[PDB]
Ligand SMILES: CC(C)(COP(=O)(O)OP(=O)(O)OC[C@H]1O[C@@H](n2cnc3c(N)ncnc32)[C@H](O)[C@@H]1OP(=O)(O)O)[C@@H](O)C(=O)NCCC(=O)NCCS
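One chain is shown next in structure tokens, namely the form solved without this ligand.
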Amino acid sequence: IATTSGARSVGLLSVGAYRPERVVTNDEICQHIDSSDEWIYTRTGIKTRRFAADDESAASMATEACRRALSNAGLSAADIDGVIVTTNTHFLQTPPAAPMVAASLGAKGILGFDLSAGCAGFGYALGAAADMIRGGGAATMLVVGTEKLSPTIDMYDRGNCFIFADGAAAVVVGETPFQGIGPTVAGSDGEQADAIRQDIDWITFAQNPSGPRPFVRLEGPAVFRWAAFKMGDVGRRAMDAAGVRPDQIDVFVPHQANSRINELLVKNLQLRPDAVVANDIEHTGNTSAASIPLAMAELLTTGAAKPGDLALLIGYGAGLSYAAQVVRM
């Protein structure tokens, strides 16, 4: 059986982001909840979040982000060989969103599939995209994070009601002059699968329509407990596998899960004080799979981070799964 290969040096050629129009203030979700506006900010670091419209979906937003990621890479849908969509909010057990976003982009026949890790979907997808390109299975791909979580949020669960938002962001991954994506370091803890979860599976609900509705529930104390003592290490491994020292990373894009925890990680990771740190979480909240892509994109528009900058990506979330890697913006 033959063996093929592709460019051994791949890298992020661009980032396209799409953030819904509707801005949701805490007061807005603080109408049915008595969780003090200011408290949420100081606790999580969030001020506002974006919510998609009713006619939008994880998919529509996905294809839009790609349109932009495409334009920014100065590329055509004709240039993409495959697309990977990471999401946890495509409300169809089948068909997947990938082929639809593909046909929707014009590259209707290209290979593709949906990737579903926790909120750490992106890291896994970017890693797989690079793995497929080096294998000679594609040259240029799209990797998109999208989530329309608002519909899954219970306005009365004061512990997850202000954490999630909707949004999308894509990246174009292709051959590159010098490695622009380091080895993937990921993992999990399914023993704590319940940390972040949907409480009632759709089938149980369908055979009990009259009963309760399903909503995402988040056990912060545990998720953040795990993140605090686990992510710093996964972080060092990621840098260690990329061949870098904690002092060499210029931008740090951890999962926009909680500002305070991200800060703790900054110390533990031992990065330079002047290292730019994604804080997009402030006016976008937690977008699970789309978090990091949007975090990067936010850093670039402001110029806070510049193309070429050395970045450390660290995603963590539901099911209790994480994915981290070093890359160039």
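All residue numbers refer to positions in the sequence shown, first residue = 1.
What comes next is about the form solved in complex with this ligand, which does not appear here.
Region of this chain that lies against this ligand in the deposited bound form, out of 68-76, 184-192, 128-136, 158-166 [heavy atom, 4.5 Å]: Of the options given, it is 158-166.
Option touching this ligand, based on a heavy atom within 4.5 Å in the deposited bound form, out of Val276, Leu269, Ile261, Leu300: None of the other options qualify; the answer is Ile261.
Contact assignment for this ligand in the deposited bound form, among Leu111, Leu218, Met100, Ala242, heavy atom within 4.5 Å: Of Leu111, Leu218, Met100, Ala242, the residue with a heavy atom within 4.5 Å of this ligand in the deposited bound form is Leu218.
Contact label in the deposited bound form: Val223 to this ligand, heavy atom within 4.5 Å: Yes.
Partner contact for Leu115 in the deposited bound form: this ligand, 4.5 angstroms, heavy atom: Outside the cut-off, so no.
Exercise: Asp55 in contact with this ligand in the deposited bound form, heavy atom 4.5 Å: Taking the distances in the deposited bound form, the answer for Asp55 is no, it never comes within 4.5 Å of this ligand.
Contact test in the deposited bound form: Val172 vs this ligand, heavy atoms, 4.5 Å: No.
Neighbours of this ligand in the deposited bound form among 45-74 [non-hydrogen atom within 4.5 angstroms]: The stretch 45-74, when checked against this ligand in the deposited bound form, contributes no residue at the 4.5 Å heavy-atom cut-off.
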